[PDB]
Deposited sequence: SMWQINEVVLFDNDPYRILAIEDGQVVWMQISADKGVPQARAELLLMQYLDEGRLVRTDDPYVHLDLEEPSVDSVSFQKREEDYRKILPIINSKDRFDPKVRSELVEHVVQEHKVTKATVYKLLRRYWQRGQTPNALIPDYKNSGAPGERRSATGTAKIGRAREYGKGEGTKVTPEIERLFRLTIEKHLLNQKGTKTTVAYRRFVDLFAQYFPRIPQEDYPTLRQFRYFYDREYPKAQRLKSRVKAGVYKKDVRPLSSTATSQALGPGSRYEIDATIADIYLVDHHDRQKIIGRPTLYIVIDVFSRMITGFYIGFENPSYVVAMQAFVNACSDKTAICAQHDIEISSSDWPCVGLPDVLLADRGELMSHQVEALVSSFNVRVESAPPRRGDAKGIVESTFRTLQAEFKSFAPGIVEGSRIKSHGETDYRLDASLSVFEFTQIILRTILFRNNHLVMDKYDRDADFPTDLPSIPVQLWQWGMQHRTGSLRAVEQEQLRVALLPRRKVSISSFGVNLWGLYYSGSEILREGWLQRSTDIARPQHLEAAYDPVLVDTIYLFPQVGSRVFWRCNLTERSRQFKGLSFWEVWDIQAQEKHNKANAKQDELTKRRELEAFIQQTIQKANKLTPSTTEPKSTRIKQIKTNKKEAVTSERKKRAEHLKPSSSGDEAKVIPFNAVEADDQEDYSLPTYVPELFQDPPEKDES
C-alpha cells in the first residue's frame, strides 16, 4: 500500500503519511504553518485513488539527508537541545490524542521553562519535515540573503547614470580607463545636480564596485661540486694501429658533495693541472647517453640522472686562467671558492685492477702492454656505473633527518634530495660552455690567414668581412690541445661571439696530430737547423764513397 514518511498530492495539495495502523491512516499537510495530524479510514483513500484525486510524488525536504553539522556550531547544539526537549512526547503511544497531548505539553513546559507556542512549533516541524532529528535544524543559513543585492548612497537615478556612462564609454571599446570614465560621470553629475557640494559625490570605489559587479569579465644534490684526479701506470695502445703508443693515462672525476655521486670524468695523457680538469667539468654537465652508446653500452636516463649546471664549484682561483674564472662567475652564474682537502676516490675507482702513482697538480705549460684506450674506457665506465648504482658506502655519515629505510647508495640519496631538498638543476647549451672554457692565446693576422703557434688557419667569416685587408689588433683564439684541426677566433676583445677556422693548404700536412707532437717536431726541426753544418760533412763523405765505388766498379770491367 504505502510506506511511512511518503508524500502524496490530494487535489494539488501535498500531504505526508505519519502512521499506518489496522483500519486507520494518520496524515498531515506540509504546506501551511499550523494544524495537527489527522486520521481517517483506508477505504476512503482507496476511493479517492480510484477516482484519481490522490497521486504519488516526491519529498520537498529530502535534501536534509545530506546535512552533518559540525560540532560546537549553533546548528548542532540547537538541534540537540530541541530534540532533548521534545523527546518525551513523540515516544509516547497516545501522541495523536488532543487530551494526552495537552497534559504532555504542559508537563514539558513546567520542567523546561518554555512557552507552549515554541513546543507546538517544534512538534510541527518534526512532523512536517520527515520525522528525523535533522528536522530540528534552524534556518540560519538563510540570514543575509547570500548572493543577492542590498557619503551618499546609491539611488536608482544614480544607477541609471552609472549605466549610461558605462554603456557609452567602457562597453565595446578598447584602451579606455576607468578613472577617465569616473571623471566624465563627475562632470555629468555636476551639470545635473549643482546644489550638492563637492565632498558628497559618489566615490571611485563605488563606481568601480558597481562596474565590476554588473558587468563580469639545507644543502641537497647539485649544491656544490668537487674535482679529483689519479694516474694509472699501464701504457695504452692505439686501437686501429696496435703499434702506436700514447702513454700512461690520467683520470679526472667530478663528485657531488652531498650524495658523493660521480657526475663526470675525463682522460688525459699529460701531467695533471687545473686547466685540463675543466673538460671534466664540461662533461659533468652534459647528457652521457651518447658517449655510453658509442662504447657498446646501453643506458637509461635513470642510471645516470645528472644533466645541468651546479650552484658552486670548489677550486682555487690561483691555478685557473682569468678568462675561465670570469666566464664561470659572470657568464653562467657559478660561484667559486676554496676547495676542501681531497680524498682518494679516483684511486679507489682504479686501484681495483691497476697500480697507481700519486698525482699532484702542477701548472699549465704549453709550447716548446697491448691494451687499447677503447677497452680501458669501457672498463672505467662500467666500474663507475657499478660504484654509483649498487655499491653501499659504510663510512658515510647520516644526518638526523633521514628515514631508516634509506640505504647509503648515491642514487637513492640523489633521488631523495630531488624529491625533498633542492628540486632540479639549471639548463645550459653544451657548445658555448665547451668553447668558453678552453685555453686561449694571442694570434696574428696576415694575407695568409690567422697564425697560431706557427700554424695557419682560414674561414668564411674573415673572407666575407674583408678583414685581411683592413686588419693587416690584439686578437685571441681558443684551441683544443688534443687536435689541431680547428680553432675558435674571438673577433672583438672581451666578446661572446667566435668564428671557427680550419687548416689551410700550407699546414694540412700536420692534419690529425695534436699540439704536443707538433711542438716535438718543431723542436726536432730546430735541432736539425742547428746541426746541418755537421750533416754537410756526412753528406760529402757519402758523395765520395759513392763516386769511388762507381769508379772502382767500372775499373773492374
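Trainee: Need the unmodelled segments of the deposited chain, numbered from 1, in order.
Mentor: Coordinates drop out over 1, 152-169, 237-263, 415-431, 536-540, 626-703.
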